[PDB]
Structure formats: structure tokens, C-alpha cells
Ligand SMILES: [Mg+2]
């Protein structure tokens with residue numbers, strides 16, 4: 001069923017992806033690299049005292065605080081959903097090998113018995129209504145760019161001035177590039193305007209992953225993570241193999257002279273892709289106005305801030321179903337990209353813009369280094385973008401693509417299994433739009449709160465409620481998938497956007513509360529994804545600009561967890577045992593140093609201003625800006641703090657660009 005073409009780095013097609021500069025050339029050739037992360041300034045993730053600490057703490061917390069999750073996956077009591085062994089990884093050392101990204105997910109979807117298009121006309125109207133409501137009356141805003149982010153293919157620039165020039169040029173030339181693509185002249189669009197080429201595959205660490213302690217043997221077992229070899233990836237699974245990657249860390253002693261304590265493993269590695277910036281800029285210029293619309297007009301379903309903001313909505317429900325989606329990005333359907341594009345054309349969107357958007361979701365992928373002596377291969381031909389990878393992580397609108405798919409998928413699930421009496425309200429496009437507009441504002445007896453693959457489905461009192469309970473039972477039974485679109489199940493320990501829904505004896509949403517996940521505090525404090533990057537002078541460009549600041553927001557973020565105090569005391573006791581120092585004093589010193597350093601970056605902050613004007617969100621984001629890419633948005637952050645992390649292209653340039661894209 002057609003193998004994807006593959007080109008080695010030596011091939012002209014791969015050489016054309018990398019500009020004639022040191023950074024781009026280094027990116028093309030970069031071999032497999034691994035090493036201990038600098039967890040905190042002067043502390044490596046493999047430091048013997050640190051691993052001793054992690055061993056004692058993970059064992060103690062699991063012992064004293066076993067998971068309190070009922071038969072229906074509802075969290076109660078202590079607010080704990082699993083063991084605490086997830087911290088037991090040699091951070092910076094990945095599992096081997098990482099996966100080769102699947103060039104086509106068509107067979108993957110078909111074999112999982114998932115649909116190759118909307119099943120019914122109702123579903124087709126709902127997906128199309130989502131496009132109409134999300135992309136209609138948009139207002140232009142400046143194009144915001146993350147400081148220190150790469151432009152990837154072909155320049156690999158990290159310079160803000162260069163990135164602004166690239167983005168401004170992209171907005172000027174997007175029309176000419178899109179029109180070339182409409183003529184099938186992809187090579188010309190890429191050669192002239194750097195719009196096309198490929199995604200650059202970077203493998204990111206998932207610092208904590210499931211580990212269990214086998215009571216029979218007293219030995220730890222890491223969760224097997226399936227990976228595709230090159231043959232499997234190019235054939236979409238027709239040939240080659242899907243096998244468990246090796247998380248065994250024994251090798252670190254032999255290779256690096258690192259002592260590996262019992263039950264410590266190599267980290268899970270996830271594919272992540274970096275888009276060609278010239279192609280992403282015109283997409284981002286439309287994506288941000290879309291987010292502003294859905295987070296304002298449809299704030300009920302889409303705008304999530306605090307645990308109390310979520311709680312106010314959920315408390316009004318008679319039933320709350322916390323869903324789980326299996327491997328969302330890889331299963332994301334190309335038919336949805338095509339349906340979205342077709343609908344945007346029907347709405348009157350510039351055909352050249354729609355073509356750029358379509359192309360961004362079919363683009364080839366350049367594989368770097370999944371393992372030693374592997375990689376440096378382009379999958380797919382940039383002259384005719386035709387890949388079906390699912391949803392590329394570095395595409396300019398990935399969050400919206402997952403949100404569009406999932407929001408409709410969950411609504412269809414509620415219609416099919418609980419509310420057939422609402423089907424008569426969805427007869428054509430105008431009625432589909434009116435119904436969806438009402439549903440997304442939380443005005444119907446069936447409701448939802450969602451973001452990409454995370455959601456909580458609700459039922460108020462009414463005709464759909466009884467069906468809601470049967471659907472929940474069907475999910476518990478786990479024999480039948482309730483959706484034709486994606487693999488849906490219930491979450492084992494229901495949570496929404498980091499906050500655990502803590503139920504009491506009644507097991508009803510009315511008396512349930514949202515609390516911070518204590519395991520996430522431990523993940524963030526002891527297993528960060530990145531090192532401190534102490535060599536990167538400009539802190540605003542680091543992956544973790546001000547790690548010390550997270551101490552100041554900790555009580556606000558995690559204080560509501562039933563075992564908050566217990567965990568902090570266990571940390572103090574274990575850190576004393578391992579380092580002969582106070583963890584609290586260590587964090588207070590880091591908080592002081594980072595507070596002082598922060599004022600250098602904030603124009604409004606005097607030489608020793610303090611954190612007085614900053615919110616807990618501001619502090620969590622300054623310690624981890626990745627939270628601004630999956631948890632929160634621009635409007636949730638103070639303006640003076642957003643400026644530390646982002647820079648923008650003027651609204652004058654974007655306003656002119658947006659006028660040319662949008663209908664009449
Ligand atoms: Mg969830």
C-alpha cells in the first residue's frame with residue numbers, strides 16, 4: 001500500500017533542507033547524544049546522593065500513600081493515582097532505540113477499526129460546523145514568537161532579529177508561495193520562500209514513566225514502550241517490526257562509569273518535530289486569533305485556568321466522565337485535515353492560505369538520531385508532500401487540530417450513546433452551527449470541558465443522564481470502543497489539565513473538588529525534562545529560565561492535595577539522609593537567587609523588586625514555559641511576564657496579512 005520514499009542525508013533532496021551555515025549543517029549531521037542533565041545548578045541527575053534520595057523517597061511514599069482510585073477510575077481519599085516509582089530514571093539517558101515516525105497512519109487507523117471519514121451526514125455537519133465557529137470572525141493580533149526557539153528547516157536560527165525578519169518576509173510572500181503550491185510547484189515555493197521541505201525530528205524526554213515493583217521478586221519493572229523500526233515506519237506497518245525499546249540502564253556503568261542503583265531506568269523518548277518556520281509563520285498568524293475566539297466566546301468548553309475555574313463547571317453536573325485517548329497524535333486523521341481545508345475554502349478563505357495549511361499537515365520528516373549508528377534520513381519527497389503522519393507536533397495549529405477532532409468526537413459519543421433526542425436539532429449547516437454554538441457555551445444538558453486529548457464529559461439532569469451512566473459503564477467494561485473516530489477509554493484516576501478530580505464517599509461531581517497532582521510536583525522538582533542550561537547567558541532563552549521561582553507558587557499549585565504536608569516532610573527527611581542539608585533551605589536560597597535574577601529581565605522590576613505583583617501561573621511558567629504550550633495561554637500570564645518569554649511581529653504587518661487570508 002505504497003512505501004514512503006526515503007533519502008539519505010547525502011541525497012540532494014536532504015541536502016536542500018539545510019542552509020549553508022554551521023548551525024543548519026550541525027543539525028543535519030548531529031549524531032545520537034546522551035548525558036546526565038544538570039537537574040539544578042551544580043547537581044547532576046545521576047549524582048549518587050540524588051539517586052539514593054530518589055530510592056528512599058519513592059519507596060517511602062508508595063508504601064505510606066498507596067493509590068486511592070475506585071473501580072470507575074475516580075480518585076478519592078489521599079488524592080494519589082499510582083506508585084511514586086516514576087521518579088526512578090537516569091535523566092538525560094534515553095531508552096534505545098527511539099521510534100522511527102510512521103510515514104502513513106492509514107493502516108494503523110484501519111486495523112484499529114477507526115473510520116476513514118465522517119460516518120454519517122450529522123458527523124460531517126458537526127466537524128464542518130466546528131470549522132465555521134472556530135475560523136469565522138477573527139481579530140488580528142501580533143504574531144508572538146518564543147525567545148530562543150529554532151526556525152528549523154532550512155536556517156536553524158535561534159536569533160530573535162533573524163526570526164522576526166523570516167516571519168515578516170513569510171507574511172509578505174505566503175500568497176505567492178501558496179499559489180506556487182496550487183500549481184504543484186512545491187520545490188519553487190521552498191526554494192524561493194523556504195515554505196515546504198520537512199519537519200525536523202527531535203526526540204524529547206518524558207522524564208517520568210510507569211515503573212512497578214514486582215512483590216514476588218522484589219525487582220522493579222519499567223513500562224514497555226513500543227517503537228517502530230525504519231521498515232515499519234516507511235511501510236505504515238505493512239513490513240518491519242514494532243518492538244519494546246530498551247530502558248535497561250546497566251550499560252551506563254560500562255559506557256560512562258556511572259553507578260546504576262537497582263531499579264533505575266533510561267527515560268522514555270517521544271518524537272517531537274520542529275516545523276519550517278517560514279511555513280509556520282502564516283499559520284500561526286491565523287491560529288492565535290482562533291485561540292482568542294475559542295477561549296473567549298467558547299470559554300466554557302475551551303478556556304481552563306485554575307482548579308476552581310474547572311470546579312465551578314463540574315460541580316453543576318450530575319455525571320462527570322474523565323476520558324482517555326490512545327496515542328492521539330499518531331492516530332489523528334488526514335481526512336480531518338482535508339475536511340477542514342475544504343470547509344475553509346467554502347467559508348471564503350484565501351485558497352493560497354488553505355494550500356499552505358494543507359501542505360503543513362502532509363509534509364515529509366527528517367529523522368535525526370533515534371539511536372547510535374541510526375537516522376540521518378528524510379522520509380517522504382518534498383517535491384510532492386503526501387505523508388499521513390497524523391498530527392505533527394511542530395505544526396503552527398496542532399493544539400487546535402487536536403481540539404477540533406476531539407471536541408466533535410466526544411459530542412458524537414454523547415449523541416450516539418446518550419442523546420438521540422438532540423439529533424433532530426442537527427439537520428443542515430445553519431442548525432449544526434446553532435446547536436454546536438449552544439453546546440460549546442455549556443447551554444445544553446450534555447456538556448464538556450476539553451483541550452486536545454484531555455477532557456471531562458458532563459450530563460446535567462435530563463433525558464440524556466440515563467444514557468450517560470450506560471456509556472460510563474461501557475467504558476468501565478472496556479470491551480467496546482464507544483467512538484468510530486479514536487480509541488476512547490476512561491482515565492485511571494480522572495484528572496483534567498493536571499488537576500485531579502477528588503471525589504468523596506458520595507462519588508458525585510457536586511461534592512467533588514479539583515486538587516493539584518502531588519506526583520506532578522515530584523516530577524517537576526526531581527525529574528525535569530531539561531537541565532538548567534547554566535551556559536545559556538540569556539535566561540529567557542532557556543527551557544527552564546528561573547527554576548527557583550516554582551518554590552513560591554508550590555503552595556498555591558499543590559496545597560489542596562490531601563498529602564501535601566506529608567510529602568514535603570518526607571522530602572525534607574530523605575534529603576537530610578542523602579545530602580546532610582535542608583531541602584527547604586536549599587530551595588529558599590534558589591528562590592532568592594532567581595527572584596534577584598528575574599528583575600534583570602522585567603523592565604517594570606527594580607534591581608531587587610520581589611515577586612509581589614506576580615501570580616502563581618506567572619511563577620510556574622517562568623520555571624517551566626512548556627506549561628504555556630500545553631496547560632495555559634497568553635491571556636493567563638501577566639503582560640510584563642509574557643514579554644520575558646515571547647517577542648512579536650507588529651499587529652500592522654499581521655493585520656494586513658490577515659485581511660488578505662480571511663473572507664471578504
Ligand atoms: Mg484526563
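For neighbour counting, all protein chains shown are included, and Cβ atoms are generated from backbone atoms with ideal geometry for every residue, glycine included. Every number in this text was worked out from the coordinates using simple rules, so none of it is lab data.
Couple of notes before you dig in:
- Pairwise label distance in nanometres, residue 629 with residue 338, each label 7 Å out on the Cα-Cβ vector: 3.1
- In terms of its Cα atoms, the stretch 495-651 spans 53, 47, 27 Å along the principal axes, sorted from long to short.
- Over the residues of the chain, the helix contribution to mean residue ellipticity at 222 nm works out to -12500 deg cm²/dmol, using -39500 (n - 2.57) for each DSSP H run of at least 4.
- Approximate spin-label separation residue 244-residue 607, in nm, with each point projected 7 Å along Cα-to-Cβ: 6.0
- Binning all Cα-Cα separations of the stretch 11-165 at 10 Å, short to long from zero, yields these whole-percent fractions: 7, 14, 19, 28, 25, 7, 0.
- Cα pair count fraction exceeding 14 Å, expressed as % - the stretch 226-273: 63
- Each listed q (0.10, 0.15, 0.19, 0.20 Å⁻¹) maps to a log10 I(q)/I(0) for the stretch 268-389, found by the Debye formula over equal Cα scatterers with no solvent: -0.50, -0.98, -1.23, -1.28.
- Length gained when the stretch residue 30-residue 47 is fully extended (0.36 nm per residue, less Cα-Cα span): 3.4 nm
- Seen through its C-alpha gyration tensor, with square-root eigenvalues sorted a ≥ b ≥ c, the stretch 181-323 comes out oblate because a/c lies at 1.5 or above while a/b is not bigger than b/c.
- Viscosity 1.306 mPa s, temperature 10 °C, Stokes-Einstein D of the stretch 354-472 from Kirkwood C-alpha radius, µm²/s: 92
- In terms of other Cβ atoms within 10 Å, 439, 232 run from fewest to most in the order 232, 439.
- Along principal axes, Cα extents of the stretch 162-243, largest first, whole Å: 66, 35, 15
- Shown for 561, 341: other C-beta atoms within 10 Å of each C-beta, ranked fewest to most, produce the order 341, 561.
- The value for the chain of Rg(Cα) / (2.2 N^0.38 Å) is 0.95.
- A full extension of the chain between residue 463 and residue 536 corresponds to an added length of 20.4 nm, given 0.36 nm per residue minus the alpha carbon distance.
- Cα-based Kirkwood hydrodynamic radius, the stretch 456-584, one decimal, Å: 18.5
- Ranking of 381, 248, 499 by neighbouring Cβ atoms within 10 Å, starting from the fewest: 248, 381, 499.
- Where a label projected 7 Å from the Cα of residue 158 along Cα→Cβ would reach, residues of the stretch 509-547 with amide N under 12 Å: 533-544
- When the stretch 607-664 is reduced to its Cα atoms, the Kirkwood hydrodynamic radius in Å: 13.6
- For the stretch 480-554, the extents of the C-alpha atoms along the principal axes are 52, 34, 18 Å, listed from largest to smallest.
- In this simple spin-label approximation, residue 71 and residue 251 carry label points 7 Å from Cα along the Cα→Cβ vector, and these lie 4.4 nm apart.
- Projecting the alpha carbon convex hull of the stretch 85-215 along each direction and taking the average yields 14.7 nm².
- Computed lengthening from residue 555 to residue 124, 0.36 nm per intervening residue step minus Cα-Cα distance: 150.6 nm
- The chain: antiparallel DSSP beta bridges as a percent of all, rounded to 5: 85
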